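Inspection log for the structure reproduced underneath, given as structure tokens.
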Number of protein chains: 2
Amino acid sequence: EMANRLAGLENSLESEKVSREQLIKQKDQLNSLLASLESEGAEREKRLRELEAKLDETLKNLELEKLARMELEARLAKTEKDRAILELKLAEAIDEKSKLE
Amino acid sequence: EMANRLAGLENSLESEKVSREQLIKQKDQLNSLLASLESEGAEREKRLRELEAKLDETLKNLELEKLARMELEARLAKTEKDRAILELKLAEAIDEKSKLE
């Protein structure tokens with residue numbers, strides 16, 4: 001009776017062994033997965049942080065440049081107008097001269 | 001022997017089913033972890049993809065506005081120079097009018 005309980009206990013021990021080995025292999029794979037994903041994530045968060053800074057900077061610059069552009073379109077119109085005004089005044093003068101001939 | 005060897009193996013089997021409960025538990029925690037990290041990573045990659053698109057756009061824009069601004073700086077200098085030459089010409093003419101009279 002007892003030599004039997006002996007055989008069955010060993011049997012039960014071996015079945016617990018196969019289970020144990022299955023779970024440990026599964027765990028190893030999860031741990032590797034884990035480490036990997038962590039590393040990957042570290043790299044991407046660093047990369048993301050960099051992208052963010054770059055978009056902020058570029059954004060600033062785009063803004064500064066729009067102001068600058070507008071300021072110049074204005075300055076240019078003012079100058080263009082003055083230039084036109086002078087050509088007209090010039091004509092007027094070369095003519096008052098002409099007529100004084 | 002036999003009776004002893006028995007209660008013995010029952011002890012062994014005992015601690016081992018306990019260990020197995022534990023591995024199952026650690027495994028479950030790992031798997032949950034894995035799901036979370038993967039979801040988190042999916043999100044971060046989505047956000048990264050978005051930032052990249054935005055950075056490309058803004059970069060284009062920065063470039064175009066920079067060309068526009070340089071074109072204007074040039075245009076403005078040319079105009080200012082012509083205006084200066086015209087003020088001079090003007091003076092010269094209002095003076096030729098003066099002397100003439």
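For the structure tokens, the naming scheme is as follows: chains receive sequential letters (A, B, ...) according to their order of presentation, residues are indexed from 1 within each chain, and ligands are indexed from 1 in presentation order.
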
Counting only C-alpha atoms, chain A residues within 6 Å of chain B, as an NGL selection string: :A and (13 or 27 or 48 or 55 or 62 or 69 or 76 or 83 or 90 or 97)

Atomic distance atom CA of residue 22 of chain B - atom CA of residue 18 of chain A, expressed in Å with one decimal: 15.4 Å

One-decimal distance in Å that lies between atom CA of residue 36 of chain B and atom CA of residue 36 of chain A: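 Distance between the two atoms: 14.2 Å.
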
Atom CA of residue 32 of chain A to atom CA of residue 43 of chain B, straight-line distance in Å: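 Separating atom CA of residue 43 of chain B from atom CA of residue 32 of chain A is a distance of 21.6 Å.
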